[PDB]
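Listed next as structure tokens is one chain, alone, in the form solved without the DNA.
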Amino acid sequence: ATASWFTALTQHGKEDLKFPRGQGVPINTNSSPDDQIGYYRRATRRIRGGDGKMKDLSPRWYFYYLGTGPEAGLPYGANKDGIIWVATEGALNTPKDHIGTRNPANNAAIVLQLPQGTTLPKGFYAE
């Protein structure tokens, strides 16, 4: 019963998700400049193909504010496979418990939007 506030970015190519410094935080007008900091966490589903063999699907990367989500305890910038960090200029390095996470029973994800001019790696698309 915890989830990202936003939809995921699907990785369609070999390049992992990353952003230039200052980019990558989803738009959320219910938040302040100090709040604009967090991580994306990769999740990879496995399902059986038509031929019967289990296979990995395209990875999906989900944004969580700093101090929330599966890596709520990780400090900003900590190195961990499948975790990348993003922060807008002016963000404060503190846990965002006042934003927290989404309960899927109560609210649907909002579409992850990034400001015009955000660089994305090959194989990624964003609204």
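When you see a residue number, it is the position in the sequence shown, counting from 1. Shifts are known only where both forms have a C-alpha. The term rigid core refers to the maximal set of C-alpha atoms that superpose within 1.5 Å between the two forms.
Q: When the other entries of this protein are compared, is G49 unmodelled in at least a third of them?
A: Other entries vs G49: at least a third skip it.
Q: Taking the recorded C-alpha temperature factors, which stretch has the higher mean, 39-47 or 57-65?
A: Mean B over CA atoms: larger for 39-47.
Q: Can you tell me which stretch has the higher mean Cα B-factor, 7-15 or 100-108?
A: The entry gives the higher C-alpha B-factor average to 100-108.
Q: According to the deposited entry, which of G82, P95, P26, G90 has the largest Cα B-factor?
A: Most elevated C-alpha B-factor of the set, per the entry: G90.
Q: Ranking the modelled residues of this chain by C-alpha B-factor as given in the entry, is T119 in the lowest, middle or highest third?
A: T119: CA B-factor falls in the middle third of its chain.
Q: Is the Cα B-factor recorded for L74 in the lowest, middle or highest third of its chain?
A: Its C-alpha B-factor, which the entry lists for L74, ranks in the highest third among residues of this chain.
Not on display, but discussed next: the form deposited with the DNA bound.
Q: Can we say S4, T7 and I47 each have a non-hydrogen atom within 4.5 Å of the DNA in the bound PDB entry?
A: The answer is yes; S4, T7 and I47 each reach the DNA.
Q: Of the residues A78, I27, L92, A43, which one places a heavy atom within 4.5 Å of the DNA in the bound PDB entry?
A: Checked against the cut-off, the match is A43.
Q: Do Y65 and the DNA come within 4.5 Å of each other in the bound PDB entry, heavy atoms counted?
A: Judged by the heavy-atom cut-off of 4.5 Å, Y65 is well away from the DNA in the bound PDB entry.
Q: How about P115: is it within 4.5 Å of the DNA in the bound PDB entry, going by heavy atoms?
A: It does not: once the DNA is placed as it appears in the bound PDB entry, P115 has no heavy atom within 4.5 Å of it.
Q: When the contact criterion is heavy atoms within 4.5 Å, does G22 count as touching the DNA in the bound PDB entry?
A: Close contact is absent here: in the bound PDB entry, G22 is far from the DNA, nothing within 4.5 Å, heavy atoms only.
Q: In sequence order, which positions of 80-118 have a non-hydrogen atom within 4.5 Å of the DNA in the bound PDB entry?
A: Counting only heavy atoms within 4.5 Å of the DNA in the bound PDB entry, the contacting residues of 80-118 are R102, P104.
Q: Once both forms sit on the same rigid core, is the C-alpha displacement of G73 at or above 2 Å between this form and the one not shown?
A: No, the C-alpha position differs by under 2 Å between this form and the one not shown.
Q: So, does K53 move by 2 Å or more at the CA between this form and the one not shown, with the core held fixed?
A: After core superposition, the C-alpha of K53 moves 2 Å or more between this form and the one not shown.
Q: Looking only at residues in both forms, which consecutive runs of at least three have C-alphas displaced 2 Å or more between this form and the one not shown after fitting the rigid core?
A: The segment that shifts (3 or more residues, C-alpha shift of 2 Å or more) is 48-55 alone.
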